[PDB]
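Topology and contacts: notes
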Amino acid sequence: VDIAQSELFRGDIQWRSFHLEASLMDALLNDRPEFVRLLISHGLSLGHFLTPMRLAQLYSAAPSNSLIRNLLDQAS
Amino acid sequence: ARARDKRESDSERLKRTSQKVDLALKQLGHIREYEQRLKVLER
Amino acid sequence: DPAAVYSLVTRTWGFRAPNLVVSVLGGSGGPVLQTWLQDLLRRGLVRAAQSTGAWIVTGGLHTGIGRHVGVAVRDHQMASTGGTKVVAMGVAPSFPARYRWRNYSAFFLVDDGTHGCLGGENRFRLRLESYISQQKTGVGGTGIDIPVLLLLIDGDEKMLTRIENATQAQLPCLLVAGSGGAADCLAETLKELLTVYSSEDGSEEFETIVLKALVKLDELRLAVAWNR
């Protein structure tokens, strides 16, 4: 996370919303709470971030042998 | 308040002191090398 | 009427009364601020406002000195302890709000009356200061008059006019050496209210410079007014 801090604290370099959203999705999928905290705290609009496809992908990221996945497929 | 209370615990103070002592050691090594180089150059 | 504005800000919005008021002005156009000035803003004005509960009154625009002030506030906050947040009022020309980010508690919108023009708000801003300097600090009328000081970095002819108007209103002003034109050039050229900020002076000594500018009412009452 130190590399991310150093990169995002630079004043000369500014990061557009696309990279922020991509990194946020990666961190949410890969279970890196510190990264999601850092990305959201840096002026990220979470309301526009979430899309139905993104939520579907997050729920699809459930483990194969998990109770959530079992119940989700049993509902279908 | 909870985070502040955690930060002011003795374990956190000791951890920060250890990190700062490490930083002081690094600076001391740098100063040692620079002083040796300056002495070599001035001689 | 500045009295109504101050009363609304303090009472109806829940903002605490300031023990110090510092106004940030000037700022030449450019995305890149000098590292020395950035350190002065980060560990100087912002730190003193944090440690004395001061009001940082500055331009709320996304560019200019206001952006630098916001960046300094964010830098202090990210490296801050569990202390009170600094109230940063931004004066620029329905409880829910909608806005696009692409750190200011208040956004004063002055009705200039003409779209596309800037500078009509300045007088109003000065009037507000002329009120808050005359108010009593602490509890009741026992407290001293609230100290209001202006800090100028960079600037132009309009900033010089603002400085002249502020010194007419008995508001002390400080000019930072090495900034560039306006304040720096005037300080190099160099009545009682005007104070010179030496380039040798930097962070960790801002409060003493503020005190020596204010006194030029005693030091002890100012110290007991703050929390130091």
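Basis of the calculations
- Within each chain the numbering goes from 1 in written sequence order, not necessarily matching the entry, and residues lacking coordinates are not shown.
- Chains and ligands are labelled sequentially in the order written, the chains with letters from A and the ligands with numbers from 1.
- Part of a larger assembly is shown here, and the values speak for that part only.
- The side-chain numbers reported here are obtained from all heavy atoms of the structure, hydrogens and water having been left aside.
- Going along the chain from the N terminus, every DSSP run of H or I of four or more residues is numbered as a helix, and every run of E of two or more is numbered as a strand.
- We compute the radius of gyration over the C-alpha atoms and compare it with the globule rule, which gives 2.2 Å times the number of residues raised to the power 0.38.
- Contact criterion: two residues are considered in contact whenever any of their non-hydrogen atoms come within 4.5 Å of each other.
- Under this rule, positive means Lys or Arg and negative means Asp or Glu; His and the chain ends count for nothing.
- Where a charge lies is defined by one atom per residue type, namely NZ (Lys), CZ (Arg), CG (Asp) and CD (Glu).
- Note on exposure labels: buried denotes an accessible area under 20% of the residue type's maximum, exposed denotes more than 50%, and partly exposed covers the range between, all computed with a 1.4 Å probe on protein chains only.
- Surface accessibility follows the Shrake-Rupley procedure with a 1.4 Å probe radius. Residue values consider only the protein chains on display as shielding.
- Note: buried area is the sum, over both parts, of the accessible area (probe 1.4 Å) each one loses when the two are combined.
- The term polar contact refers here to a pair of N or O atoms within 3.5 Å; inside protein, the definition further demands a hydrogen-donor-capable atom paired with an acceptor-capable atom, and it admits residues adjacent in sequence only when both atoms are side-chain atoms.
- The nonpolar class holds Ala, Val, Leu, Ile, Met, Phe, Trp, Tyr, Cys and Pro. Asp, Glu, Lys and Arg form the charged class, and all remaining residues, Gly among them, are polar.
- Here the rule is simple: two strands pair whenever DSSP picks up at least two bridges between them.
- As a rule, the C-alpha atoms of each element are fitted with a line to give its axis, helices using only the stretch in contact, and angles between N-to-C directions run from 0 to 180 degrees.
- Only buried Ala, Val, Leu, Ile, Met, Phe, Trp, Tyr and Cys residues count toward a nonpolar core, and they belong to the same one when joined by side-chain atoms within 4.5 Å.
- Under the convention used throughout, the expected extent of a helix is 1.5 Å for every residue step, that is, one less than its residue count.
- To obtain the arc, one takes the directions from the helix axis to the C-beta atoms.
- Throughout this description, the term salt bridge denotes a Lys or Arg side-chain nitrogen within 4 Å of a carboxyl oxygen of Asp or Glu.

The deposited coordinates for this entry were obtained by cryo-EM, with a reported resolution of 3.19 Å.

The name given to chain B in the PDB entry is Transient receptor potential cation channel subfamily M member 4, with the source organism recorded as Homo sapiens. The title given to this entry in the Protein Data Bank is "Cryo-EM structure of the human TRPM4 channel in a calcium bound putative desensitized state".

You'll find chain A entered in the PDB entry as Transient receptor potential cation channel subfamily M member 4, with Homo sapiens given as the organism.

What follows concerns the overall build of chain A. Secondary structure summary: chain A contains 6 helices and 0 strands in total. By the compact-globule yardstick of 11 Å for 76 residues, chain A is too spread out, its C-alpha radius of gyration being 15 Å. Over its C-alpha atoms, taken along the principal directions, chain A stretches across nearly 50 × 25 × 15 Å. Long-range contacts, defined as pairs at least 24 residues apart, comprise 49% of the intrachain contacts of chain A with a sequence gap of at least 6. Between the mean site of the 6 positive side-chain charges and the mean site of the 8 negative ones, chain A shows a separation of 4 Å.

Right, let's get into the overall build of chain B. If you tally the helices and strands in chain B, you get 2 helices and 0 strands. The principal-axis extents of the C-alpha atoms in chain B amount to approximately 60 × 15 × 5 Å. Buried positions account for 2% of the 43 residues belonging to chain B. Element-wise, carbon and sulfur atoms account for 55% of the exposed surface of chain B, whose accessible area totals about 4,400 Å². The averaged location of the 8 negative side-chain charges in chain B is 3 Å from the averaged location of its 13 positive side-chain charges.

Moving on to the interface of chain A and chain C. Quite often, the size of an interface is put as the accessible area lost when its parts meet. Taken together, the 8 residues of chain A in the interface contact 4 residues of chain C. Taken together, the two surfaces of chain A and chain C that pack against each other cover about 470 Å², and 50% of this comes from carbon and sulfur. Area buried by chain A at its contact with chain C is led by A:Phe9, A:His42 and A:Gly43, which between them contribute 56% of it. Taken together, the connections running from chain A to chain C amount to 2 residue pairs in polar contact. Across the side of chain A that touches chain C, the residue classes break down as 2 nonpolar, 4 polar and 2 charged.

Our next topic: the sheet that holds strand β5 (residues 148–153) of chain C. Neighbouring strands of a sheet are bound in pairs by backbone hydrogen bonds; such pairs are parallel or else antiparallel. All names here are of chain C. Reading across the sheet, the 7 strands line up as β4-β3-β2-β1-β5-β6-β7 and stay open at both edges, with parallel pairing between neighbours. Since the sheet does not close on itself, it has two edges, and those belong to β4 (106–109) and β7 (194–197), each with one partner. Across the sheet, the axes of successive neighbouring strands diverge by a mean angle of 25°, strand direction being ignored. As judged from the 4 bridges shared by strand β3 (residues 88–92) and β4, these two strands associate in the parallel manner. Of the residues in β4, the one forming a bridge with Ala-92 is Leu-109. On top of the sheet, helix α3 (residues 65–78) reaches β1 (21–26) and β2 (55–58); it is set at about 130° to β1, its chief contact.

Residue and element names in this part refer to chain C. The topology assignment puts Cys-185 in helix α6 (residues 183–189). Classification of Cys-185 as partly exposed rests on a relative accessible area of 42%. With 31 residues separating them in the primary sequence, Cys-185 and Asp-154 have C-alpha atoms 9.3 Å apart.

All names here are of chain C. Core analysis: the biggest nonpolar cluster contains 33 residues, and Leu-45, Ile-56, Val-69, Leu-151, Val-176, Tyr-197 and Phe-206 have the highest contact counts within it. Mapped onto this core, the elements with two or more residues apiece are β1, α2 (35–52), α3, β5, β6 (173–176), α7 (206–215) and α8 (219–225). Sort the elements by how many residues they give to this core and α2 lands first, with 7 residues. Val-9, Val-21, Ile-132 and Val-148 belong to the second-largest nonpolar core, a separate cluster that totals 17 residues.

All names here are of chain C. The end-to-end C-alpha distance of helix α5 (residues 157–168), which contains 12 residues, comes to 17 Å, matching closely the 16 Å that a straight helix rising 1.5 Å per residue would cover. Three or more residues of α5 are buried, namely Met-159, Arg-162, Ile-163 and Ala-166. Along the axis of α5, the buried residues cluster in a sector spanning 100°; they form a single face. When the buried face of α5 is taken as reference, the exposed residues oriented beyond 90 degrees from it are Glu-157 and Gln-168. Where α5 is buried, its residues contact β1, α4 (122–132), β5 and β6. Where α5 starts, the residue carrying a side-chain oxygen 3.3 Å from the main-chain nitrogen of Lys-158 turns out to be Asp-156. Immediately downstream of α5, the backbone of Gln-170 shows phi near 60°, a positive value.

This model, assessed by the stated rule, comprises 13 salt bridges over all chains. With its nearest N and O atoms 3.1 Å apart, the salt bridge here joins C:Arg43 to C:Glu204. A relative accessible area of 41% means that C:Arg43 is categorised as partly exposed. What emerges from the salt-bridge pattern is a single network uniting B:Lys6, B:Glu12 and B:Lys15.

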